[PDB]
Amino acid sequence: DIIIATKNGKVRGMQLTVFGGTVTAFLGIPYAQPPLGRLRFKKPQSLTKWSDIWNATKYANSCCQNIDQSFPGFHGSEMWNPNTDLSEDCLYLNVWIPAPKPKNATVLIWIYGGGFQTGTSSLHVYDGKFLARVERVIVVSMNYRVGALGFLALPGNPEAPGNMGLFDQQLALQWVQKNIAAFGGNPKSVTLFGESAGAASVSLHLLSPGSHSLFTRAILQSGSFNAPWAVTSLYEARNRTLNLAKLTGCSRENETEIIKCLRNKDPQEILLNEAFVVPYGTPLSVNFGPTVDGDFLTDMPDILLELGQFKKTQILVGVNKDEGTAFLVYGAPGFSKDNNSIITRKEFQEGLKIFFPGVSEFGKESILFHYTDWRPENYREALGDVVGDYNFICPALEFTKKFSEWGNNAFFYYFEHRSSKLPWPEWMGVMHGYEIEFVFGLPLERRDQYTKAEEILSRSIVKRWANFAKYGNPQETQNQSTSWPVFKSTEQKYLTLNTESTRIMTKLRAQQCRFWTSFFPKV
Ligand SMILES: *[C@@H]1O[C@H](CO[C@H]2O[C@@H](C)[C@@H](O)[C@@H](O)[C@@H]2O)[C@@H](O[C@@H]2O[C@H](CO)[C@@H](O)[C@H](O)[C@H]2NC(C)=O)[C@H](O)[C@H]1NC(C)=O
Ligand SMILES: *[C@@H]1O[C@H](CO[C@H]2O[C@@H](C)[C@@H](O)[C@@H](O)[C@@H]2O)[C@@H](O[C@@H]2O[C@H](CO)[C@@H](O)[C@H](O)[C@H]2NC(C)=O)[C@H](O)[C@H]1NC(C)=O
Ligand SMILES: C[N+](C)(C)CCCCCCCCCC[N+](C)(C)C
Ligand SMILES: *[C@@H]1O[C@H](CO)[C@@H](O)[C@H](O)[C@H]1NC(C)=O
Ligand SMILES: *[C@@H]1O[C@H](CO)[C@@H](O)[C@H](O)[C@H]1NC(C)=O
Ligand SMILES: *[C@@H]1O[C@H](CO)[C@@H](O)[C@H](O)[C@H]1NC(C)=O
Ligand SMILES: *[C@@H]1O[C@H](CO)[C@@H](O)[C@H](O)[C@H]1NC(C)=O
Ligand SMILES: [Cl-]
Ligand SMILES: [Cl-]
Ligand SMILES: [Cl-]
């Protein structure tokens, strides 16, 4: 029986056998008061002491959210749906400890993504026991409120101030600072890492003064705040809050009475109406996301980044080869996960209005012109690259450029290996989200039918990530590997991650990102 005494009381963990060794797991530690009743839409309130022993022996509830019901029975989509009961009572965290108890281990804190509308830390591919066993680091992950329950915003109104889900994450970071020493962790060696909206979350913690003292450095996989889906303008935030109030019959003159009306509605009523607060949407639309609240975010994040107002530390940023392909089967005509999705030129143009609804005709023709300088799968591949470059790759590169211009070491990766167990079709390639299982070390478990080369790749990736967390330098020193060079604003070197051979290259998607970052904002 391994019991740890935290600042709020004792917690009961459990022992797991991993690779002939042992890992101690504490699943479902509460880190905030359940945000129920009057506490809905408010910032997380801090927890009070319990006099007995909390059993942290199973994953806790996942936060309320809508489910991906596009492909029932299909593992490719269902593997991302929550695997615990949905509940407003969801502010819990998990911690994996190596055995025996480490003296002063570096801590990795995972922040899941999902467009700020879905996600949970209990997913199979977020299992931190492998990292704890192999690299003897401590892995922490938390659930944070998503959707309107986590990001509904009436700016300046403390009953719905916005960024509540970001304050959830932040309170979990504070929990680590206060308690991780009792688990054998080093509160001064804390690395945040996250993917998609989690990576954008990580990037905003770099911008938020309240988070600066709560971590050491940061890893951003397939996401950043400057992505076009990652931040909602305060006009849109107000317009979407008033729309959900209208859709639920909560339209009141007093803005505070609107919120209180929303606190009496059942969570499913909120969730059902979340999709309709915008006129038109895209498969990447974030209805309720981060806002400039004057609290977590003191100013528009583009200004803070441009003017060097962020935590000065090392960062690790990267993207996958085909970030955009996943979203094409969620609206683009002629696309299907069950055939090769050979589309015509006309279907490509119809594809553009799905992902760029409010853009002018000249703007969409400029996208078309730029991506058609060439094969029957030309247009299919072009649309995937349009969606992936615009929503993920080019913003990530721009974030890395602007961050590194203020003197800090930055490292950029280009992940381009497609999992041998990938359930989606071959034309989708190296999809959004499918580097996560390599980072968490699933292919190190050889009983799960990954290839030998995938075990080697995951082992190398795991070592690089752990070395970055512990030493701020993501090298694999022992096995005659390729040295990972610093990303500088001029050379813009990056490392490719795959099974055959790592390579150092420069200026990823240089032509494409000049279009998206410099020209396309003008249309
Ligand atoms: C600000 O919100 C309004 C209201 O949104 C309404 O329209 C749907 C999205 C639906 O969910 C409904 O319940 C909701 O109340 C938006 O107004 C709409 O805009 C579209 C296109 O401009 C029109 O087709 C609608 O007729 C119009 N509705 C009204 C009542 O005027 C408005 O677009 C939005 N602002 C922005 C910038 O998107
Ligand atoms: C690849 O499949 C898409 C999707 O087709 C859907 O509907 C059925 C026809 C089914 O066979 C299955 O493929 C999928 O659930 C094809 O597009 C569809 O094609 C038909 C014409 O045959 C149209 O009437 C549909 O509206 C259209 N749907 C969409 C969303 O585009 C596509 O033609 C196919 N490509 C191939 C076979 O090369
Ligand atoms: C957005 N909608 C719901 C319309 C479609 C989402 C389709 C997602 C398919 C998985 C893509 C990778 C996801 C990785 N995670 C879940 C971590 C983001
Ligand atoms: C926690 O688990 C232990 C396991 O032996 C059990 O004895 C105890 O009653 C549990 N606490 C509860 C259920 O509150
Ligand atoms: C853990 O390491 C830090 C340096 O990062 C040090 O300041 C601290 O005293 C250490 N704590 C221990 C050894 O308990
Ligand atoms: C809105 O309601 C709050 C809560 O009672 C109140 O303090 C405030 O004065 C009201 N605003 C008005 C009446 O304009
Ligand atoms: C280095 O190579 C050895 C075998 O040569 C392997 O067992 C080990 O896991 C590798 N380590 C990393 C970090 O790749
Ligand atoms: Cl490529
Ligand atoms: Cl093999
Ligand atoms: Cl190598």
Side-chain angles (χ1 to χ4, degrees), residues 222-224 226-231 233 278-286 302 306 318-337 339-402 412 414 416 425-432 489-490 492 494 496 505-523:
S222 300
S224 51
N226 59 321
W229 49 263
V231 180
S233 75
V278 314
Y280 42 71
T282 74
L284 299 98
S285 211
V286 171
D302 45 308
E306 173 74 17
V319 298
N320 301 344
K321 172 160 151 292
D322 310 274
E323 300 268 11
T325 54
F327 307 93
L328 305 177
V329 287
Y330 289 83
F335 279 91
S336 166
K337 80 173 185 61
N339 65 34
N340 54 11
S341 293
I342 300 301
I343 58 162
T344 67
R345 176 179 169 92
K346 205 157 296 183
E347 299 165 308
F348 177 91
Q349 311 167 109
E350 307 290 349
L352 289 184
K353 50 95 168 148
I354 290 294
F355 289 93
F356 301 86
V359 182
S360 62
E361 288 303 323
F362 169 69
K364 297 183 285 283
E365 185 94 35
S366 321
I367 304 173
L368 172 60
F369 179 84
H370 189 87
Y371 276 84
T372 45
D373 190 22
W374 316 127
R375 274 229 306 145
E377 53 275 298
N378 271 336
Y379 288 110
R380 176 197 79 200
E381 283 164 359
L383 189 64
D385 286 321
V386 166
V387 173
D389 296 339
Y390 170 61
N391 289 281
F392 295 103
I393 297 187
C394 293
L397 284 161
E398 189 67 15
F399 178 87
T400 307
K401 259 168 272 294
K402 297 195 169 307
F412 201 96
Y414 187 58
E416 51 188 2
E426 195 69 34
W427 70 259
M428 295 197 180
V430 184
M431 291 174 57
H432 187 63
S489 324
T490 48
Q492 303 169 12
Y494 66 98
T496 65
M505 302 211 276
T506 64
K507 302 179 178 176
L508 176 70
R509 323 273 301 178
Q511 268 206 24
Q512 297 87 328
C513 290
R514 280 191 285 266
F515 176 86
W516 290 117
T517 307
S518 296
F519 175 77
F520 190 72
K522 305 163 162 13
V523 315

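All heavy atoms count here, side chains included; hydrogens, waters and symmetry mates do not. Sequential numbering from 1 along the given sequence is applied to the chain's residues.
Using a 4.5 Å heavy-atom cutoff, the side chains of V387 and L284 are in contact. Proximity of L352 to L383: side-chain heavy atoms (C-beta onward) are separated by under 4.5 Å at one or more points. At least one side-chain heavy atom of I342 sits under 4.5 Å from a side-chain heavy atom of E377. Side-chain contact between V319 and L508: present, with at least one pair of heavy atoms (C-beta onward) separated by less than 4.5 Å.
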task = Could you please spell out the steps behind the side-chain contact (heavy atoms from CB on, under 4.5 Å) verdict for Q511 and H370?
result = CA-CA 9 Å; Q511 268 206 24; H370 189 87; 4.3 Å; yes
request  = Kindly indicate, with the supporting measurements, whether the criterion side-chain contact (heavy atoms from CB on, under 4.5 Å) is fulfilled by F515 and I367.
outcome  = CA-CA 8 Å; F515 176 86; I367 304 173; 3.9 Å; yes
task = Decide yes or no on side-chain contact (heavy atoms from CB on, under 4.5 Å) for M428 and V329, but give the supporting numbers first.
result = CA-CA 10 Å; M428 295 197 180; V329 287; 3.5 Å; yes
request  = Evaluate side-chain contact (heavy atoms from CB on, under 4.5 Å) for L368 paired with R345, printing each intermediate quantity in order.
outcome  = CA-CA 9 Å; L368 172 60; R345 176 179 169 92; 3.3 Å; yes
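Screening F392, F355, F335, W229 for a ring-ring contact (aromatic ring centres under 6.0 Å, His included) involving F327 leaves a single residue, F392. Of the candidates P395, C513, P228, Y390 forms a side chain to side chain contact (heavy atoms under 4.5 Å, CB included) with just one, namely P228. Looking at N378, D389, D385 one by one, the single match for side-chain hydrogen bond (donor to acceptor under 3.5 Å, both in side chains) with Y371 turns out to be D389.
Note: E347 CD to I354 CD1 = 12.5 Å, rounded to the nearest 0.5 Å. Once rounded to the nearest 0.5 Å, the distance linking OG1 of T325 with NZ of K337 reads 13.5 Å. With rounding to the nearest 0.5 angstrom, the OG1 atom of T400 is 9.5 Å from the CD atom of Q492. Between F369 atom CZ and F362 atom CZ the span is 10.0 Å, to the nearest 0.5 Å. Taking CH2 from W516 and SG from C394, the interatomic distance works out to 8.0 Å, rounded to the nearest 0.5 Å. Rounding to the nearest 0.5 Å places CG of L328 at 11.5 Å from CD of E381.
Between the side chain of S341 and the backbone N or O of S336 there is at least one donor-acceptor pair closer than 3.5 Å. Between the side chain of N320 and the main chain of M431, a donor-acceptor pair closer than 3.5 Å is present. At distances below 3.5 Å, at least one donor-acceptor pair connects side-chain atoms of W427 with backbone N or O atoms of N339. The main-chain N or O of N340 is found under 3.5 Å from a side-chain atom of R380 such that the two form a donor-acceptor pair.
Residues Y330 and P283 share a closest heavy-atom pair of O-CG, 3.3 Å. When all heavy atoms of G281 and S285 are compared, the pair lying nearest together is CA-OG, 4.1 Å. Across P521 and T517, no two heavy atoms sit closer than the pair CG-O, 3.6 Å.
The stretch residues 318-335 participates, sequence neighbours left out, in no salt bridge (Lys or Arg N to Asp or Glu O under 4.0 Å) pair at all.
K364 has a carboxylate O that lies under 4.0 Å from a charged side-chain N of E361, or vice versa, which qualifies the two as a salt bridge. Using a 4.0 Å cut-off between charged side-chain N and carboxylate O, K402 and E398 make a salt bridge.
By the ring-ring contact (aromatic ring centres under 6.0 Å, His included) test, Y379 pairs with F348, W374, sequence neighbours left out. In this structure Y494 satisfies the ring-ring contact (aromatic ring centres under 6.0 Å, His included) test with no other residue, sequence neighbours excluded.
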